[PDB]
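Visitor: Here you go, one structure.
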Amino acid sequence: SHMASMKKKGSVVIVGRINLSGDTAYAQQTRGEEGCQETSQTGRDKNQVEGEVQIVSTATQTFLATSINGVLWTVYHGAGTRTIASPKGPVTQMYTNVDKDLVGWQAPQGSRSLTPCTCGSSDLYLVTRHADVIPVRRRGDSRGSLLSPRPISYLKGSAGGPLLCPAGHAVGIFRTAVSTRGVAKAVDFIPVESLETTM
Ligand SMILES: CC[C@@H]1C[C@]1(NC(=O)[C@@H]1C[C@@H]2CN1C(=O)[C@H](C(C)(C)C)NC(=O)OCC(C)(C)CCCCc1cccc3c1CN(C3)C(=O)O2)C(=O)NS(=O)(=O)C1CC1
Ligand SMILES: [Zn+2]
């Protein structure tokens with residue numbers, strides 16, 4: 001009831017990226033934890049952004065965000081309704097859809113966007129926050145099976161990351177693991193068409 005002392009949640013902050021530009025996929029950190037906490041509070045992030053897949057953090061969570069069609073997309077269960085930190089201060093979401101577990105902000109200057117897939121191919125590749133590239137066979141509109149199942153620990157923190165087709169187009173945004181006894185045999189994702197509809 002004490003309005004004057006009510007806090008505000010911080011912004012989502014870009015803290016690194018998954019580098020896919022060369023022959024080797026690898027994670028790069030661009031901001032440490034202390035800088036992250038400060039930048040989340042101010043919403044002012046002057047660091048250079050590059051690439052398609054960003055590693056992002058709040059005060060309490062870390063996950064991924066993926067640029068497609070000039071929008072940096074991620075999961076609502078990570079970002080909520082938060083702004084994203086940017087060189088000019090906090091930027092408000094331009095898309096929010098709790099029903100799809102989806103949010104988006106205008107893509108940061110310097111980022112590159114993936115192109116939505118129109119191949120209609122079911123051989124996919126999930127990119128994790130550790131830059132693992134995991135083959136996934138598409139099994140429905142929003143499901144795919146891991147060719148090599150993994151403990152959910154290996155996938156944790158990768159929601160918001162991409163599933164890509166063989167040509168490197170965006171097919172979906174990783175949302176949940178389909179897990180039994182802690183082993184992810186499959187994943188659920190927001191299909192890129194659903195992004196395109198939300199747009
Ligand atoms: C561990 C790697 C996982 C990718 C990951 N995501 C998760 O942990 C999400 C968050 C939460 C639970 N969950 C699951 O994956 C659970 C699980 C394994 C934890 C047991 N699976 C499940 O319920 O399958 C059941 C299934 C039927 C497939 C759900 C479909 C419904 C899909 C759905 C539709 C509409 C709205 C909402 C949902 C799900 N939703 C809101 C929501 O909040 O989901 C993550 O890494 N998160 S993270 O660590 O990066 C986090 C910091 C951001
Ligand atoms: Zn494609």
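Residue numbers start at 1 in each chain; chains themselves are named A, B, ... in the order of the structure tokens; ligands are numbered from 1 in the order shown.
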Show me which residues line ligand 1, defined as having an atom within 9 Å of a ligand atom where only C-alpha atoms and all ligand atoms count, and present them as a ChimeraX atom specification.
Guide: /A:57-58,60-64,74-79,97-102,129,143,151-161,174-180,182-184,186-190
Visitor: Could you dump the residues just selected with C-alpha atoms as a PDB file, in the first residue's frame?
Guide:
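Listing of again_35.pdb after writing:
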```pdb
ATOM      1  CA  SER A  57      19.333 -12.278 -18.276  1.00  0.00           C
ATOM      2  CA  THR A  58      17.136 -10.730 -15.665  1.00  0.00           C
ATOM      3  CA  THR A  60      16.750 -13.974 -11.444  1.00  0.00           C
ATOM      4  CA  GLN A  61      16.845 -15.868 -14.762  1.00  0.00           C
ATOM      5  CA  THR A  62      18.965 -16.429 -17.845  1.00  0.00           C
ATOM      6  CA  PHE A  63      17.734 -17.665 -21.209  1.00  0.00           C
ATOM      7  CA  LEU A  64      17.993 -16.911 -24.963  1.00  0.00           C
ATOM      8  CA  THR A  74      11.886 -14.707 -26.395  1.00  0.00           C
ATOM      9  CA  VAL A  75       9.686 -16.531 -23.909  1.00  0.00           C
ATOM     10  CA  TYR A  76       7.226 -14.849 -21.571  1.00  0.00           C
ATOM     11  CA  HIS A  77       8.172 -17.313 -18.814  1.00  0.00           C
ATOM     12  CA  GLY A  78      11.647 -15.711 -18.839  1.00  0.00           C
ATOM     13  CA  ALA A  79      10.935 -12.052 -19.688  1.00  0.00           C
ATOM     14  CA  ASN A  97       1.407 -13.084 -25.868  1.00  0.00           C
ATOM     15  CA  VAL A  98       1.191 -15.047 -22.646  1.00  0.00           C
ATOM     16  CA  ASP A  99      -1.020 -17.640 -24.368  1.00  0.00           C
ATOM     17  CA  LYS A 100       1.862 -18.541 -26.709  1.00  0.00           C
ATOM     18  CA  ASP A 101       4.609 -17.892 -24.113  1.00  0.00           C
ATOM     19  CA  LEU A 102       5.976 -15.275 -26.534  1.00  0.00           C
ATOM     20  CA  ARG A 129      22.826 -21.495 -24.719  1.00  0.00           C
ATOM     21  CA  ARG A 143       6.854 -30.553 -31.434  1.00  0.00           C
ATOM     22  CA  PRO A 151      18.771 -34.714 -19.424  1.00  0.00           C
ATOM     23  CA  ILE A 152      16.685 -31.541 -19.113  1.00  0.00           C
ATOM     24  CA  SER A 153      19.737 -29.920 -17.438  1.00  0.00           C
ATOM     25  CA  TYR A 154      21.352 -29.661 -20.855  1.00  0.00           C
ATOM     26  CA  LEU A 155      18.384 -27.699 -22.225  1.00  0.00           C
ATOM     27  CA  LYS A 156      17.688 -25.481 -19.197  1.00  0.00           C
ATOM     28  CA  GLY A 157      18.316 -21.841 -19.983  1.00  0.00           C
ATOM     29  CA  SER A 158      17.795 -22.266 -23.721  1.00  0.00           C
ATOM     30  CA  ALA A 159      14.139 -21.278 -23.981  1.00  0.00           C
ATOM     31  CA  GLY A 160      13.912 -18.445 -26.482  1.00  0.00           C
ATOM     32  CA  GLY A 161      16.536 -20.032 -28.717  1.00  0.00           C
ATOM     33  CA  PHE A 174      12.181 -23.243 -28.116  1.00  0.00           C
ATOM     34  CA  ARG A 175       9.528 -23.111 -25.378  1.00  0.00           C
ATOM     35  CA  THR A 176       9.389 -26.341 -23.301  1.00  0.00           C
ATOM     36  CA  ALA A 177      11.060 -29.692 -22.899  1.00  0.00           C
ATOM     37  CA  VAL A 178       8.946 -32.827 -23.215  1.00  0.00           C
ATOM     38  CA  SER A 179      10.429 -34.727 -20.364  1.00  0.00           C
ATOM     39  CA  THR A 180       9.962 -38.060 -18.632  1.00  0.00           C
ATOM     40  CA  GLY A 182      14.180 -35.852 -16.245  1.00  0.00           C
ATOM     41  CA  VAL A 183      15.115 -36.948 -19.787  1.00  0.00           C
ATOM     42  CA  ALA A 184      14.078 -34.715 -22.666  1.00  0.00           C
ATOM     43  CA  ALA A 186      11.313 -34.066 -27.356  1.00  0.00           C
ATOM     44  CA  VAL A 187      10.797 -30.329 -27.333  1.00  0.00           C
ATOM     45  CA  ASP A 188       7.872 -28.009 -27.852  1.00  0.00           C
ATOM     46  CA  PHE A 189       8.319 -24.722 -29.660  1.00  0.00           C
ATOM     47  CA  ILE A 190       6.466 -21.674 -30.950  1.00  0.00           C
TER      48      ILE A 190
END
```
Visitor: List all protein, DNA and RNA residues that have any atom at most 10 Å from ligand 2, counting only C-alpha atoms and all ligand atoms, and write the list as a list in words.
Guide: residues 115, 116, 117, 118, 119, 120, 121, 122, 123, 124, 164, 165, 166, 167, 168, 169, 170 and 171 of chain A
Visitor: One decimal, in Å: what's the spacing between CA of residue 73 (chain A) and CA of residue 17 (chain A)?
Guide: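 We find that CA of residue 73 (chain A) and CA of residue 17 (chain A) lie 13.9 Å from each other.
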Visitor: Write out as a PyMOL selection string all residues of region 39-174 of chain A that DSSP puts in strand (DSSP E or B) for this structure's backbone.
Guide: chain A and resi 44+51+53-57+62-68+71-75+84+86+91+95-97+102-106+111+114+116+123-127+133-138+143-151+162-164+170-174
Visitor: Determine, for each residue of region 119-160 of chain A having at least one atom at most 8 Å from an atom of region 19-38 of chain A, the closest pair of atoms and their separation in Å to one decimal, counting only C-alpha atoms; order by chain and ascending number, as a Markdown table.
Guide:
```
| residue | atom | partner | partner_atom | distance |
| --- | --- | --- | --- | --- |
| A:129 | CA | A:27 | CA | 6.9 |
| A:130 | CA | A:27 | CA | 5.9 |
| A:131 | CA | A:26 | CA | 4.9 |
| A:132 | CA | A:25 | CA | 7.4 |
| A:133 | CA | A:25 | CA | 7.8 |
```
